[PDB]
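Heads up, the thing below is written out as structure tokens.
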Number of protein chains: 4
Amino acid sequence: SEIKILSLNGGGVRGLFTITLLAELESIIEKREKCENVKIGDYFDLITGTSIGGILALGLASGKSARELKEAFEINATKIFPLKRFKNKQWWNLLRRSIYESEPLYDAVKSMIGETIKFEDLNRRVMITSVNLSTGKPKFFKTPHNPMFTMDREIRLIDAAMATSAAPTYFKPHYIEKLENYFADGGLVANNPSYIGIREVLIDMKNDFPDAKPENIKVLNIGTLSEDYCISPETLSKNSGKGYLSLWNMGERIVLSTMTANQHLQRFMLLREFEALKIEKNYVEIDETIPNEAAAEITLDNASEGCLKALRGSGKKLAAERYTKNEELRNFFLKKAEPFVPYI
Amino acid sequence: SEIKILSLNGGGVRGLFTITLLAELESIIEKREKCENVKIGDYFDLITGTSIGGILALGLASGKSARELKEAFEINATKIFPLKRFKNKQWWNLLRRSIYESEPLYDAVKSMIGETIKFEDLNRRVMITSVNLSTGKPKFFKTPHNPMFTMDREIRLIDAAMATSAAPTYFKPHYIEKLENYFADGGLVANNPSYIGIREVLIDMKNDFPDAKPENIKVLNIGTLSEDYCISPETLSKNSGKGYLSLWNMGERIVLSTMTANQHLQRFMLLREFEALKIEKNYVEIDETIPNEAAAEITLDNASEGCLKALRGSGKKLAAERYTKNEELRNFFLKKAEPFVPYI
Amino acid sequence: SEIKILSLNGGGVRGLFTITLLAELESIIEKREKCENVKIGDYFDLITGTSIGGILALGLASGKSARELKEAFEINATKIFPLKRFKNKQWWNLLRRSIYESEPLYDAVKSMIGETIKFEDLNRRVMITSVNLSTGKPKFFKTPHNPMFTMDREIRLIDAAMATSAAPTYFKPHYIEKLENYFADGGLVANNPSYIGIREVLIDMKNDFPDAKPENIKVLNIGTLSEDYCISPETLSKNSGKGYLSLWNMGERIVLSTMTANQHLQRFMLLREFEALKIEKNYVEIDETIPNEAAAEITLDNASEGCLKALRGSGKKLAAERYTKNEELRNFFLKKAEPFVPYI
Amino acid sequence: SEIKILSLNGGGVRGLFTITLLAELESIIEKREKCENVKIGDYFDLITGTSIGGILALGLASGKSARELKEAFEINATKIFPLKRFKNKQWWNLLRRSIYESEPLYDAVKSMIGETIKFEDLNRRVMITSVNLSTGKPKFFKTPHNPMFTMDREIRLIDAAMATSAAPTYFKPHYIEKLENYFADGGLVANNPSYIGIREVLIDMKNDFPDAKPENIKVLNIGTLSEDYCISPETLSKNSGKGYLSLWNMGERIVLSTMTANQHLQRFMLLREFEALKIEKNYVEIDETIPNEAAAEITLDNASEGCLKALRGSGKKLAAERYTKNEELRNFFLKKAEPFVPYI
Ligand SMILES: Nc1nc2c(ncn2[C@@H]2O[C@@H]3COP(=O)(O)O[C@H]4[C@@H](O)[C@H](n5cnc6c(N)ncnc65)O[C@@H]4COP(=O)(O)O[C@H]3[C@H]2O)c(=O)[nH]1
Ligand SMILES: Nc1nc2c(ncn2[C@@H]2O[C@@H]3COP(=O)(O)O[C@H]4[C@@H](O)[C@H](n5cnc6c(N)ncnc65)O[C@@H]4COP(=O)(O)O[C@H]3[C@H]2O)c(=O)[nH]1
Ligand SMILES: Nc1nc2c(ncn2[C@@H]2O[C@@H]3COP(=O)(O)O[C@H]4[C@@H](O)[C@H](n5cnc6c(N)ncnc65)O[C@@H]4COP(=O)(O)O[C@H]3[C@H]2O)c(=O)[nH]1
Ligand SMILES: Nc1nc2c(ncn2[C@@H]2O[C@@H]3COP(=O)(O)O[C@H]4[C@@H](O)[C@H](n5cnc6c(N)ncnc65)O[C@@H]4COP(=O)(O)O[C@H]3[C@H]2O)c(=O)[nH]1
């Protein structure tokens, strides 16, 4: 047996790299296998996403090809993140209102996945991570692969996508009318949903895969040019005895360390678990650390055509290179995954 | 076979409840079993801790009884959190320097565990969760239960204890001279180390327990009167359109939502995993929620005499009741755990 | 055989959570079982209520669906607790006259249950708790499931609902013309009618169920977001030597402690009784403690839009979660309860 | 087999009537049976008390005769309620500090039972009711008749007696050092512990009495001249629309109505349950209503020698009258109850 999981991280604009890599991968399969109408979502038994990766995960699960999702991203990339609002991010605007607007994101997501499709209408298993601000617990939107799951069978995908992409300071929290709860970005809990995806197969998807073990689970994780955050040695050495304004400038250093360490933590337990089982090859991670000079330019919410070119170029480059070398990456697209038929 | 794990959460001054419950548990075993000189750390194969729970974890691992640690806690509680610094938590002080000081905490830990004991001298396995601010990854101090471990064999316990208790704003980051790195509180990654404790037995603790499975693992997670943080519904309804002043009042609401959701998540994977194999009884959690009026009084760093009595009273109360009803709690102290000898 | 009991607590506006949970339960049964025109009151052989839970109990007993009562409550919630009077809860008003008015509550119940239905017309057994102020003994309004019971046969249902909701300080005592006696809130003797509901089946309902024992009795107690009241440790430590103004500020602390202790006691007798017979699973209690920040806003009489959203959101979320996990909750709706025919 | 339970209510100085009735009954047994040194505590398998009834319950459980306690109560009654107090019970005094003092009560109780006696040393089963002000839940002090619990074995009886007699407005809350919790009068929870005594036998005392049913249980409840409380019809009719100052004059009319209705409710379940099994003769209640003219004179804190004579006279005449008529009363003292041996 074999279970394939596709995991997308959250990277805001950097999700363009995630979708460009998948779009380039789709073209390679079409050319090499002499196939047509190749959808990258047909090769995975479960698709997990977070933040901008959640929106792409819902689109792939809905039935749209990565190439179609790729085109909608570039057109709406400059609309989700307007240049005027991107330039104006001073402290007075930061402490008065949330940066950017939610309507352009709503219109962008509406174009890709739609506005009326619900989780019970999906033929592909999905999981979208989110944080329930009203309660404080993390809420995970997912298709009813568990027959007893009746909480979000009638929740529109556009609500889950908009909830998981509501960055605490980059967008206002998303209000879901069907649940009467406000939600925040899913990156506050699992910015890398690779680990929790394996947990779902061994816990929730026990009806389609009764004899499921981590040995028979292959994870294809597509990063968003992850940047390992850390406090500058000069800042730590000289300002460790200061508070807030100098060290932990406002909430910035405390939150960024919290997400980065938590993201590192969940990545570690995945690596440790596969190491102990001698199945480290099952976790196929496709990511590339962005250089220092490009880091100052390619930010979380930079939609300039110069930065858009670099992300598209990196996605095409990694897709071609990793397909040539990583044999396990090629084994992912050897056979189409069975469609998810909900059990009633 | 049986493997027993003790997990202690981090809550600053509320750790008095954690140690009072263990101290009360020690006296109960002495009276009912008619034995003398009973140490609560002799019944566990691994002790995990975080923040104040980490400091108590090192005390039990070293060989000091919970009653001795409890006595040192009350005397040092006022010194760790002086009333002069506690009342002066205004913004013009928090924006300039971190409140409280590390020296009073250093002496409290020194009288608790010692000053020259190193991880290679311990006869009991232990975790200490921490965040490496210099690198951004979480750093876990632990005894060499894995024979290939050479990083903390020559690290003093007092350095690990001060690293895990270095709250981002309540204390300055702890600088370990032997590692040349600055460390922060371990509650940023795992306020409840119960889940990561189970992972240790199946991953690194294989030299002593080769056939280790979650079925043969019993966890005694002692709470710290955990408070389920959430955004006020009036605030969310009225201030969702604002940013960083009304909603997310400075960084406070972002961090608390992040840690609580992460702490909720790790407990959720913990509960979901045990429920999968129908061994939910293996996880024993001893914790209760603080009433609304008391929660306003019992804060993270309140060392008032009235608050100390409530924490001590709650620990004595819960220990007696849970021992009577929870048979699984009584099964922990049926046999002493074998001493851990490092492999050379 | 099997006897099913529904018990509802009194929480003022928090009863919206009680009816929202019941309303969403009705939709789940309709969606999963493909049924139509489902009523949550047709699956219970006895319905017990108190205060705002008594009004909902009377509505379900007559034959109204939980969804209709939910819609009626939302429209009238603002009317019952006007913002002008809610904000004007100062000391001169409280010392001169009762807060709020009875006529808006009278109209709300009138549009919810009617104004002419009497206890002899009901086809479902119900019991409503109240306090007879004229005599001092607790008076219980109930349908004549006992053939010898002729006291409430010819009394309107709205009078019982009006009587049980007459909070001592939030409403004026309700005067029943047919009985010539004044009545107060039913929460003074039983805020949780779960225990007294079991006694009724074994004492009064002996004709329909001759061989009735607690093993065949299942109770579905729907909470009202109960809060565990206690005196703050700072108040107890510093003001135990004072009187009234400081400790027991007027009658507030005495009445709250007496009501909370009595409510805790009756629940304790239920848990002790069931655990002695190894039938603890028969008591299905669906309740959740409010977080400290939310508990400040969500009070007994706050009808603001933000608070109403949270109560509705919690009910929707709780109903979905417990239905998936708790198998005993699902077993309640496996078969409709037999209609109650008053024997003559 | 038969199980005999003695239950004593709480009425302050009215407990002198309870002890006088108990002391007189000893004299009749001595005269009729021609025996020497008869203690009524040896004829009961469980003794339950509340407030002043709890203090007498502990004295009987220790092994002291009722006559000895009657002599001690007579001299100490004036000191417990000094005539300097009870005459200056002005509103400002009550608005500032609690009336009376605990030290005269503490010294009085010490002469009754002692100071070093503990529950584990008792040879008779006892159960004392109290409410934990720190937690809000009722706390019941009892001997270890069920060996599986260990909380009160090392608590002095004088602490339980002080806790259960701590009237919220007549005495300051009692602080127990061994538990770090404040306590109040048990009359708030159960002023008549007759009902909870039956549940204690059928739940906790399953070791000595495994096959225990309510049929084989006889209860001898000795009241303290209980007076039913009801709001005056003139006040109710005229001040129904008023608040506090007129209707519910401060907390008085709310606490009293809540207290008397809860006491009525608990007695009602005892009556209703016994009628169901047709064992109404088992509940032998010895109490009479105080005439109206002396009702205003004989209060719960009146230490005048005239009221003491009336209480002594009522107890002396009730014991003689009931013994001749009530055959079931005589059957209580037919055989001595087996001593309580705490199983270890
Ligand atoms: N997400 C979800 N939950 C549902 C659904 N129908 C019923 N439920 C129930 O609601 C509970 C809470 O859902 P949540 O997503 O808000 O919280 C979740 C989420 O925060 C987390 N979680 C779920 N799956 C996870 C996973 N695979 N990895 C890591 N964390 C996970 O654990 C919580 C408890 O999961 P659970 O399966 O024991 O309980 C569910 C589950 O029993 C449904 O359609 N979706
Ligand atoms: N903690 C530790 N690590 C040691 C020691 N000697 C060598 N090492 C090595 O250093 C690596 C990083 O240590 P860390 O504790 O800073 O990061 C750790 C810690 O952040 C996390 N981790 C470790 N055990 C964990 C656990 N049980 N649960 C959750 N996370 C855990 O994963 C990281 C990688 O663990 P690993 O065992 O694969 O690699 C170790 C391990 O191979 C040693 O004495 N202690
Ligand atoms: N409630 C009620 N009582 C009736 C009716 N017709 C005749 N009665 C009689 O009037 C008595 C006083 O009614 P109450 O409800 O005001 O007091 C009740 C009520 O305060 C309480 N009670 C009744 N059922 C209870 C129950 N199931 N659980 C707890 N307490 C209960 O005990 C009191 C006396 O019990 P009871 O039912 O034997 O006495 C009834 C009963 O014998 C009638 O239609 N309703
Ligand atoms: N009463 C008591 N309980 C003890 C002791 N040692 C351990 N415990 C445990 O602590 C729990 C709570 O004690 P509490 O007396 O403060 O609350 C008690 C008390 O408030 C109430 N209660 C106990 N016995 C009762 C009874 N017979 N009738 C009515 N209410 C009763 O119910 C609560 C829960 O009782 P429980 O037996 O299930 O759990 C006990 C019991 O398991 C002990 O010495 N006494």
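As shown in the structure tokens, the chain order sets the letters A, B, ...; within each chain, residues go from 1, and ligands are also counted from 1 in the order they appear.
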Quiz item: Would you give me, as JSON, numbers by chain, the residues in range 52-148 of chain B that DSSP reads as helix (DSSP H, G or I)?
Solution: {"B": [52, 53, 54, 55, 56, 57, 58, 59, 60, 61, 62, 66, 67, 68, 69, 70, 71, 72, 73, 74, 75, 76, 77, 78, 79, 80, 83, 84, 85, 86, 87, 91, 92, 93, 94, 102, 103, 104, 105, 106, 107, 108, 109, 110, 111, 112]}
I'd like the contact shell of range 74-86 of chain A - 6 Å cut-off, only C-alpha atoms, skipping same-chain residues fewer than 2 positions apart - returned as a CSV table (one decimal) with C-alpha atoms, in the first residue's frame.
```
chain,number,residue,atom,x,y,z
A,71,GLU,CA,-2.4,32.4,-13.5
A,72,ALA,CA,-5.0,33.7,-11.0
A,88,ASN,CA,2.6,52.9,3.9
A,100,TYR,CA,-4.1,46.1,3.4
A,104,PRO,CA,-9.3,42.2,-2.6
A,105,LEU,CA,-8.2,38.9,-1.0
A,108,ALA,CA,-9.0,36.9,-5.5
A,303,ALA,CA,4.1,42.0,-5.0
```
Exercise. Pull out every residue of chain A sitting within 12 Å of chain C, counting only C-alpha atoms, and send them as JSON, numbers by chain.
Key: {"A": [132, 133, 134, 135, 136, 137, 139, 144, 146, 147, 148, 149, 150, 151, 152, 153, 154, 175, 176, 177, 178, 179, 180, 181, 182, 204, 343, 344]}
Expected file contents, prior selection, N, CA and C atoms, as an mmCIF file, in the first residue's frame:
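The resulting out.cif:
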```
data_model
loop_
_atom_site.group_PDB
_atom_site.id
_atom_site.type_symbol
_atom_site.label_atom_id
_atom_site.label_comp_id
_atom_site.auth_asym_id
_atom_site.auth_seq_id
_atom_site.Cartn_x
_atom_site.Cartn_y
_atom_site.Cartn_z
ATOM 1 N N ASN A 132 -9.036 29.636 16.220
ATOM 2 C CA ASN A 132 -10.312 30.213 16.639
ATOM 3 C C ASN A 132 -10.026 31.273 17.694
ATOM 4 N N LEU A 133 -10.066 32.543 17.283
ATOM 5 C CA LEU A 133 -9.733 33.632 18.197
ATOM 6 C C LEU A 133 -10.743 33.738 19.333
ATOM 7 N N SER A 134 -12.019 33.479 19.043
ATOM 8 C CA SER A 134 -13.055 33.616 20.063
ATOM 9 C C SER A 134 -12.855 32.621 21.199
ATOM 10 N N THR A 135 -12.400 31.410 20.881
ATOM 11 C CA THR A 135 -12.182 30.380 21.889
ATOM 12 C C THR A 135 -10.721 30.214 22.281
ATOM 13 N N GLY A 136 -9.791 30.437 21.355
ATOM 14 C CA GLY A 136 -8.380 30.263 21.604
ATOM 15 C C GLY A 136 -7.815 28.946 21.114
ATOM 16 N N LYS A 137 -8.666 27.955 20.873
ATOM 17 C CA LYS A 137 -8.227 26.667 20.371
ATOM 18 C C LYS A 137 -8.026 26.719 18.859
ATOM 19 N N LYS A 139 -8.744 25.575 15.190
ATOM 20 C CA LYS A 139 -9.823 24.935 14.449
ATOM 21 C C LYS A 139 -9.302 24.504 13.085
ATOM 22 N N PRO A 144 -15.145 15.733 5.238
ATOM 23 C CA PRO A 144 -15.557 14.630 6.115
ATOM 24 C C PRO A 144 -15.004 13.277 5.694
ATOM 25 N N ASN A 146 -13.728 11.448 7.910
ATOM 26 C CA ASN A 146 -14.271 10.689 9.026
ATOM 27 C C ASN A 146 -15.791 10.722 8.946
ATOM 28 N N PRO A 147 -16.468 9.574 8.861
ATOM 29 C CA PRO A 147 -17.927 9.594 8.654
ATOM 30 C C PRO A 147 -18.701 10.293 9.759
ATOM 31 N N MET A 148 -18.144 10.399 10.962
ATOM 32 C CA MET A 148 -18.827 11.066 12.063
ATOM 33 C C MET A 148 -18.619 12.574 12.067
ATOM 34 N N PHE A 149 -17.818 13.105 11.147
ATOM 35 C CA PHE A 149 -17.500 14.530 11.117
ATOM 36 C C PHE A 149 -18.695 15.302 10.575
ATOM 37 N N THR A 150 -19.428 15.981 11.465
ATOM 38 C CA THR A 150 -20.471 16.932 11.068
ATOM 39 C C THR A 150 -20.246 18.231 11.839
ATOM 40 N N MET A 151 -19.323 19.049 11.356
ATOM 41 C CA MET A 151 -19.174 20.418 11.840
ATOM 42 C C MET A 151 -19.078 21.426 10.707
ATOM 43 N N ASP A 152 -18.395 21.078 9.613
ATOM 44 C CA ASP A 152 -18.168 21.994 8.502
ATOM 45 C C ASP A 152 -18.533 21.347 7.172
ATOM 46 N N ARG A 153 -19.469 20.395 7.189
ATOM 47 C CA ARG A 153 -19.930 19.791 5.943
ATOM 48 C C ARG A 153 -20.587 20.817 5.032
ATOM 49 N N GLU A 154 -21.184 21.860 5.607
ATOM 50 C CA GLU A 154 -21.880 22.889 4.847
ATOM 51 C C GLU A 154 -21.204 24.249 4.994
ATOM 52 N N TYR A 175 -14.513 36.688 10.026
ATOM 53 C CA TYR A 175 -15.721 36.320 10.751
ATOM 54 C C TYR A 175 -16.527 35.346 9.902
ATOM 55 N N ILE A 176 -16.744 34.144 10.424
ATOM 56 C CA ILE A 176 -17.529 33.121 9.747
ATOM 57 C C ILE A 176 -18.941 33.163 10.310
ATOM 58 N N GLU A 177 -19.910 33.503 9.456
ATOM 59 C CA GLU A 177 -21.288 33.640 9.912
ATOM 60 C C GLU A 177 -21.889 32.301 10.317
ATOM 61 N N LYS A 178 -21.520 31.219 9.628
ATOM 62 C CA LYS A 178 -22.069 29.907 9.950
ATOM 63 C C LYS A 178 -21.599 29.396 11.306
ATOM 64 N N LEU A 179 -20.509 29.943 11.843
ATOM 65 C CA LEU A 179 -19.991 29.531 13.138
ATOM 66 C C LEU A 179 -20.014 30.631 14.188
ATOM 67 N N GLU A 180 -20.208 31.890 13.791
ATOM 68 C CA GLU A 180 -20.262 33.025 14.716
ATOM 69 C C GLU A 180 -18.972 33.167 15.521
ATOM 70 N N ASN A 181 -17.845 32.780 14.931
ATOM 71 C CA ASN A 181 -16.547 32.873 15.583
ATOM 72 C C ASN A 181 -15.562 33.572 14.659
ATOM 73 N N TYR A 182 -14.676 34.371 15.247
ATOM 74 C CA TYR A 182 -13.620 35.035 14.497
ATOM 75 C C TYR A 182 -12.387 34.144 14.441
ATOM 76 N N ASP A 204 -7.795 10.067 11.757
ATOM 77 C CA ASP A 204 -9.107 10.375 11.201
ATOM 78 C C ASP A 204 -9.450 9.512 9.991
ATOM 79 N N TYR A 343 -18.613 9.132 2.960
ATOM 80 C CA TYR A 343 -19.486 8.052 3.393
ATOM 81 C C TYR A 343 -20.635 8.627 4.209
ATOM 82 N N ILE A 344 -21.859 8.272 3.834
ATOM 83 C CA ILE A 344 -23.045 8.781 4.510
ATOM 84 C C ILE A 344 -23.779 7.645 5.212
#
```
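When only C-alpha atoms and all ligand atoms are used to compute distances to ligand 1, the closest of the residues B:261, B:184, B:219, B:201 turns out to be B:261.
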Quiz item: How many Å separate CA of residue 103 in chain C from CA of residue 166 in chain C?
Solution: 11.8 Å
Practice problem: Could you give me, as an MDAnalysis selection string, the residues within 6 Å of range 220-227 of chain D, counting only C-alpha atoms and dropping anything in the same chain fewer than 6 positions from it? | Solution: chainID D and resid 6:9 11 14:15 18 284:289
Please produce a file of those selected residues containing N, CA, C and O atoms, as an mmCIF file, in the first residue's frame.
```cif
data_model
loop_
_atom_site.group_PDB
_atom_site.id
_atom_site.type_symbol
_atom_site.label_atom_id
_atom_site.label_comp_id
_atom_site.auth_asym_id
_atom_site.auth_seq_id
_atom_site.Cartn_x
_atom_site.Cartn_y
_atom_site.Cartn_z
ATOM 1 N N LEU D 6 -28.295 9.010 63.184
ATOM 2 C CA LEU D 6 -28.705 10.143 64.003
ATOM 3 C C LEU D 6 -28.340 11.424 63.267
ATOM 4 O O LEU D 6 -27.178 11.620 62.896
ATOM 5 N N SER D 7 -29.328 12.290 63.059
ATOM 6 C CA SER D 7 -29.145 13.539 62.335
ATOM 7 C C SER D 7 -29.581 14.698 63.217
ATOM 8 O O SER D 7 -30.668 14.662 63.805
ATOM 9 N N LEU D 8 -28.736 15.721 63.308
ATOM 10 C CA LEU D 8 -28.999 16.896 64.127
ATOM 11 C C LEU D 8 -28.914 18.142 63.259
ATOM 12 O O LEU D 8 -27.955 18.309 62.498
ATOM 13 N N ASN D 9 -29.915 19.010 63.374
ATOM 14 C CA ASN D 9 -29.954 20.244 62.606
ATOM 15 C C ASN D 9 -29.165 21.336 63.324
ATOM 16 O O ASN D 9 -28.637 21.143 64.422
ATOM 17 N N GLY D 11 -29.269 25.218 64.867
ATOM 18 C CA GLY D 11 -30.114 26.318 65.287
ATOM 19 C C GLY D 11 -29.495 27.222 66.334
ATOM 20 O O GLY D 11 -30.212 27.951 67.026
ATOM 21 N N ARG D 14 -30.648 27.081 69.957
ATOM 22 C CA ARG D 14 -31.702 26.078 69.865
ATOM 23 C C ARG D 14 -31.144 24.662 69.876
ATOM 24 O O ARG D 14 -31.902 23.710 70.094
ATOM 25 N N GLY D 15 -29.841 24.500 69.640
ATOM 26 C CA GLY D 15 -29.206 23.206 69.815
ATOM 27 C C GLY D 15 -29.224 22.716 71.248
ATOM 28 O O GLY D 15 -29.060 21.515 71.486
ATOM 29 N N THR D 18 -31.880 20.385 71.364
ATOM 30 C CA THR D 18 -31.463 19.103 70.804
ATOM 31 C C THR D 18 -30.677 18.287 71.823
ATOM 32 O O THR D 18 -30.918 17.086 71.991
ATOM 33 N N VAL D 284 -37.945 8.787 61.717
ATOM 34 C CA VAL D 284 -38.494 9.258 62.982
ATOM 35 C C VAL D 284 -37.966 10.668 63.221
ATOM 36 O O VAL D 284 -36.799 10.853 63.574
ATOM 37 N N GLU D 285 -38.825 11.664 63.026
ATOM 38 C CA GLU D 285 -38.470 13.062 63.220
ATOM 39 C C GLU D 285 -39.092 13.564 64.514
ATOM 40 O O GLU D 285 -40.302 13.428 64.720
ATOM 41 N N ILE D 286 -38.265 14.139 65.379
ATOM 42 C CA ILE D 286 -38.707 14.661 66.669
ATOM 43 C C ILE D 286 -38.456 16.164 66.638
ATOM 44 O O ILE D 286 -37.360 16.639 66.953
ATOM 45 N N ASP D 287 -39.475 16.925 66.252
ATOM 46 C CA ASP D 287 -39.375 18.375 66.206
ATOM 47 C C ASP D 287 -40.765 18.968 66.368
ATOM 48 O O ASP D 287 -41.766 18.362 65.975
ATOM 49 N N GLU D 288 -40.817 20.162 66.952
ATOM 50 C CA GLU D 288 -42.070 20.866 67.169
ATOM 51 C C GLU D 288 -41.896 22.326 66.782
ATOM 52 O O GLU D 288 -40.784 22.862 66.801
ATOM 53 N N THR D 289 -43.006 22.964 66.422
ATOM 54 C CA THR D 289 -42.990 24.357 66.001
ATOM 55 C C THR D 289 -43.086 25.277 67.210
ATOM 56 O O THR D 289 -43.916 25.074 68.102
#
```
Exercise. Give me every strand (DSSP E or B) residue in range 63-211 of chain B, going by DSSP on the backbone, as a VMD selection string.
Key: chain B and resid 118 126 to 132 138 to 142 156 174 to 176 181 to 184
Serialized selection, N, CA, C and O atoms, as a tab-separated table (two decimals), in the first residue's frame:
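Final file, again.tsv:
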```tsv
chain	number	residue	atom	x	y	z
B	118	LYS	N	25.76	18.44	37.29
B	118	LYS	CA	25.68	18.44	35.84
B	118	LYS	C	24.82	17.26	35.38
B	118	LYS	O	24.56	16.33	36.14
B	126	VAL	N	15.61	13.31	32.43
B	126	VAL	CA	14.87	14.56	32.55
B	126	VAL	C	14.97	15.34	31.25
B	126	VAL	O	15.99	15.29	30.55
B	127	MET	N	13.90	16.05	30.91
B	127	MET	CA	13.89	17.10	29.89
B	127	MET	C	13.91	18.48	30.52
B	127	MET	O	13.47	18.68	31.66
B	128	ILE	N	14.39	19.44	29.74
B	128	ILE	CA	14.25	20.86	30.03
B	128	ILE	C	14.01	21.55	28.69
B	128	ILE	O	14.92	21.63	27.86
B	129	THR	N	12.79	22.04	28.48
B	129	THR	CA	12.45	22.70	27.23
B	129	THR	C	12.90	24.15	27.26
B	129	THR	O	12.77	24.84	28.28
B	130	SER	N	13.43	24.62	26.14
B	130	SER	CA	13.94	25.98	26.05
B	130	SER	C	13.95	26.41	24.59
B	130	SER	O	13.85	25.59	23.68
B	131	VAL	N	14.08	27.72	24.38
B	131	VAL	CA	14.13	28.31	23.05
B	131	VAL	C	15.51	28.95	22.89
B	131	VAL	O	15.90	29.79	23.70
B	132	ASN	N	16.22	28.55	21.84
B	132	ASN	CA	17.54	29.12	21.54
B	132	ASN	C	17.33	30.39	20.74
B	132	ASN	O	17.11	30.34	19.53
B	138	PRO	N	14.23	25.34	18.93
B	138	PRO	CA	14.07	24.95	20.34
B	138	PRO	C	15.20	24.03	20.77
B	138	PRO	O	15.56	23.09	20.07
B	139	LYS	N	15.77	24.32	21.94
B	139	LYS	CA	16.85	23.53	22.51
B	139	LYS	C	16.35	22.81	23.75
B	139	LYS	O	15.79	23.44	24.66
B	140	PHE	N	16.53	21.49	23.79
B	140	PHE	CA	16.05	20.66	24.88
B	140	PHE	C	17.24	20.09	25.65
B	140	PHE	O	17.98	19.25	25.12
B	141	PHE	N	17.42	20.55	26.88
B	141	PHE	CA	18.45	20.00	27.75
B	141	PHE	C	17.96	18.69	28.35
B	141	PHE	O	16.84	18.62	28.87
B	142	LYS	N	18.79	17.65	28.29
B	142	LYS	CA	18.38	16.35	28.78
B	142	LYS	C	19.60	15.52	29.15
B	142	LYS	O	20.72	15.77	28.68
B	156	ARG	N	25.78	22.54	33.67
B	156	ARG	CA	25.21	22.57	35.01
B	156	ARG	C	23.69	22.67	34.95
B	156	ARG	O	23.14	23.34	34.07
B	174	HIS	N	18.55	34.18	29.24
B	174	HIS	CA	19.65	33.55	29.96
B	174	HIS	C	20.78	33.22	29.00
B	174	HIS	O	20.57	32.57	27.98
B	175	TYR	N	21.99	33.67	29.34
B	175	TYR	CA	23.18	33.43	28.54
B	175	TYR	C	23.98	32.29	29.16
B	175	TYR	O	24.48	32.43	30.28
B	176	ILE	N	24.10	31.19	28.44
B	176	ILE	CA	24.87	30.04	28.90
B	176	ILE	C	26.30	30.18	28.38
B	176	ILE	O	26.53	30.23	27.17
B	181	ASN	N	25.25	30.94	23.77
B	181	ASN	CA	23.96	31.24	23.17
B	181	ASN	C	23.01	31.76	24.23
B	181	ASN	O	23.09	31.38	25.40
B	182	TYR	N	22.10	32.63	23.81
B	182	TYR	CA	21.06	33.16	24.68
B	182	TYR	C	19.80	32.32	24.55
B	182	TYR	O	19.43	31.89	23.46
B	183	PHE	N	19.13	32.10	25.68
B	183	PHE	CA	17.97	31.23	25.74
B	183	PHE	C	16.79	31.95	26.37
B	183	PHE	O	16.96	32.87	27.17
B	184	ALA	N	15.59	31.52	26.00
B	184	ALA	CA	14.34	32.08	26.51
B	184	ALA	C	13.49	30.97	27.11
B	184	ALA	O	13.89	29.80	27.13
```
Quiz item: Could you name the residues that touch range 90-92 of chain D at 10 Å or less, counting only C-alpha atoms, but leaving out those on the same chain fewer than 3 positions away, as a list in words?
Solution: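 The filter keeps residues 243, 244 and 245 of chain C; 86, 87, 95, 96, 97 and 99 of chain D.
Atom pair CA of residue 196 in chain B / CA of residue 270 in chain B has a distance of 9.1 Å (rounded to one decimal).
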Exercise. Tell me which protein, DNA and RNA residues are within 9 Å of residue 165 in chain D, counting only C-alpha atoms, leaving out same-chain ones fewer than 5 positions away, and put them as a PyMOL selection string.
Key: chain D and resi 10+12+50-55+130+160+171+174+184-187
Exercise. Give me the residues within 10 Å of range 338-342 of chain C as a VMD selection string, counting only C-alpha atoms and dropping any in the same chain fewer than 6 places off.
Key: chain C and resid 42 to 46 119 to 126 143 to 147 153 208
